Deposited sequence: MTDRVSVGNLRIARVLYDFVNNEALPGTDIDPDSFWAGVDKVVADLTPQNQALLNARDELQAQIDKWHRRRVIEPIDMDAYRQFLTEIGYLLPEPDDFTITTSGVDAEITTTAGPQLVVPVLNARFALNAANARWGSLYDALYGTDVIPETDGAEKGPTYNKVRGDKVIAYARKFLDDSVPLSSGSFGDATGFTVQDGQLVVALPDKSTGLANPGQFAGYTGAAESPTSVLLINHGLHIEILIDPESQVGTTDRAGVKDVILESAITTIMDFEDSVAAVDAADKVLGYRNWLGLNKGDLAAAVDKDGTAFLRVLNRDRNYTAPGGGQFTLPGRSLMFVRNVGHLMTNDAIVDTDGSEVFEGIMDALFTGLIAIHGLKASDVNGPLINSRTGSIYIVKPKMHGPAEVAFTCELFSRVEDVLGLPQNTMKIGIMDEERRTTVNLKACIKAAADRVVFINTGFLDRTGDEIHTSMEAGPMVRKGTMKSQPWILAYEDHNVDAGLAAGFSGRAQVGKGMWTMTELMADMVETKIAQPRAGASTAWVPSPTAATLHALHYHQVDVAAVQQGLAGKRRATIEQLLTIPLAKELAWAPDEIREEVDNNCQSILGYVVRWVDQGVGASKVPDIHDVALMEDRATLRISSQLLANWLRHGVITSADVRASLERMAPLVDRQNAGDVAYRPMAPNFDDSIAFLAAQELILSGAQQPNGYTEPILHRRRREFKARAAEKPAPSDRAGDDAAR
């Protein structure tokens, strides 16, 4: 084999080399010490990791059995308490996490999430700290393409005028003038450290002069004006000779928004990595990001400004980077033990993404965390014992890397039921590591379906978004964060907007999240980060949070309200739509996962809306159908017929891609098609409804076949 023996471990050579040749150089960690550390940490922690998965299994078994005889909430709740699922609430406390950067403790704004395996996308995400508001308005449906204002091959001035007026209005609302409207500005100057805006008849300053943050060029004719509102920067670019500037009353070329404040470079649900070669591609991108030399094009430099009073200063040109490790479940043959057993991938991720993140603590030839923290999102944890395990894992990794204890900070996904109901105790277990909690509502829906699989038929996938359990889950998450002192200390975050082309709807709708006191929320693209930033200028999240302090808005009974469908909820046409819709989203995602190793794709649904799909959306679609099949809402022939009906549609959607292999008409010769079918027909048997076991197995099967 092409493997390296270190103690009880046999490491894939490609990984061994990457680490020694790329990762370690620059850290002052002795490769021998490092690799002995890995060996020791894997040996020491594997048994507990396994004991934690066995616990999940024991609890799920008891819940399945409970439902199988034959809904009284008192009885159910007492049952969960007995089996140790629902634990006592601990006493009130405040988190003590220290050494966290401002982007996290203080600044409320969008949080962008991107697959680390795609270098181009990850570079765009890192650079998304700043984004053009004009581009985001012009290029999306936020400005409707009504008669006259449609996008063409060239610049539509009528449309550009609409974009300009939208932004003027945004300016009036965020940084108001003492008198008049930005809409009437004829120019800008800096006089005695204050911003002066020329109107046709008079001149005026800002209603709040402190919102003036700096400028570029000469004070007497600046090339830009930097402002600030709710801790977020806005930069007005001034160039009267530019395409847009020429048409503007004040020569304004663009409005730039501080957009993606933080970014999550994702190793988990948005990527497909099933072996060492895949993991190294990812690790190598994460490395390039932390050393600042990743190029595919390049990472942006910081931005230079002149303070209003006079001095020179700099603002970060890049988003503060988190890394999302995989969770406690999967193994990966990147490392196997002497018996040939695969090593836990979560343990590996901590060691390797942690090692790599050390580079982001030093200057590149610039520094991710100026305060000396490494920020790791840990997904899919079930309850506070699993949180304590991750804390212990990070502690041992810190020892191996020779980092101070508590350098490795954790972002907690609240996306499993047993975490939701024990949320306070989960935060407590990580009281000195936590830098965010976040409602991963898609995985959480998946877990909701799977946990109560045996209870009865669930409501339709779309209906889930408005069910009592989920509304209480969202409020409870904010309540718990605030009560543990998150305000000024840690992010309270909410979930992803998946409809990538429906920006007008996002701008209208997603404002609900900061209005709920979330200091951040997930977006799938730089464009959507710039647009979601608008919401943070409209809502003073700090003030919302202080207004919510000490409120308890969700009860345990609400949280435990199982989304069962009522008697006779659906007509045959409604059931057919749901099945077609779920099969098409599943097929669309899985075919690119299994055949091309693409972990995140835009897949248009049955209504032709483009959805950004990843494993969590897959978990829902597959679990929901598995539930309907388990309870006789639909037959196995309904499932089959639907898969066979949507497959050619999916083939058509991919008809370009040179690397695409049609699934139709020889379905059963397609490894991707069979993966899709297995996800549904075996869904009920997957641990907590997880999709990884099947995706990994089939993706590996496909690679192996391609090599013959």
| property | result |
| --- | --- |
| Stretches of the record's deposited sequence for which the structure holds no C-alpha atoms | 1, 72-75, 302-311, 381-384, 728-741 |
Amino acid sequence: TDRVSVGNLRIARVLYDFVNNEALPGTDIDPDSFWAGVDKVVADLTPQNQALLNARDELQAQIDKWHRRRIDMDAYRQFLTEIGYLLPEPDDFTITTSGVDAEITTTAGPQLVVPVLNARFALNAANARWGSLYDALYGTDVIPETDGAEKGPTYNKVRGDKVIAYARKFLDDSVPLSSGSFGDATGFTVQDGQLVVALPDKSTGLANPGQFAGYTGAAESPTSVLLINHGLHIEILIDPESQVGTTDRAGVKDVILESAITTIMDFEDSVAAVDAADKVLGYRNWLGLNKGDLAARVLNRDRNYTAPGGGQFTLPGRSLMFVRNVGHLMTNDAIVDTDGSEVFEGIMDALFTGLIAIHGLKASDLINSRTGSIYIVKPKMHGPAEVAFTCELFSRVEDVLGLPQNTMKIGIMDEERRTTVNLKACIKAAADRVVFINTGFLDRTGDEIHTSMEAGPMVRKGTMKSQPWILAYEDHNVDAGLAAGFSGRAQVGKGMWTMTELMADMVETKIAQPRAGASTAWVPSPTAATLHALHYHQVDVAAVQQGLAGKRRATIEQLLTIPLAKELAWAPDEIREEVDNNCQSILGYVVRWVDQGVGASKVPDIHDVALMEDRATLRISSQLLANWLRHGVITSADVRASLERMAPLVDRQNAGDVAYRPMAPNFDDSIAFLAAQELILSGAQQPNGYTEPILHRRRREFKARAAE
From here on, numbers count along this sequence of modelled residues.
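Take the two forms, find the largest set of C-alpha atoms that superpose within 1.5 Å, and that set is the rigid core.
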item	value
Between stretches 309-317 and 531-539, more displaced by Cα RMS in 4 other deposited structures of this protein (rigid core superposition)	309-317
Stretch with greater C-alpha deviation in 4 other deposited structures of this protein, 237-245 versus 366-374 (rigid core superposition)	366-374
Cross-entry absence of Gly37, a third or more of other PDB entries	no
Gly656 left out of the model in a third or more of other PDB entries	yes
Residue stretch of maximal mean CA temperature factor, 370-378 vs 552-560	552-560
Mean C-alpha temperature factor, higher of 250-258 and 197-205	197-205
Residue, from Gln467, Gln623, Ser525, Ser341, that the PDB entry assigns the highest Cα B-factor	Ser341
Peak C-alpha temperature factor (PDB record), options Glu577, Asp349, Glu474, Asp266	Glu577
B-factor third for the C-alpha atom of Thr46 within its chain	middle
Where the record places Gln677 (Cα B-factor, split into thirds across the chain)	middle
Chain-relative CA temperature factor third for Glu58	middle
Cα B factor band for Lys494 (lowest, middle or highest third within the chain)	lowest
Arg120 by Cα B-factor - lowest, middle or highest third of the modelled chain	highest
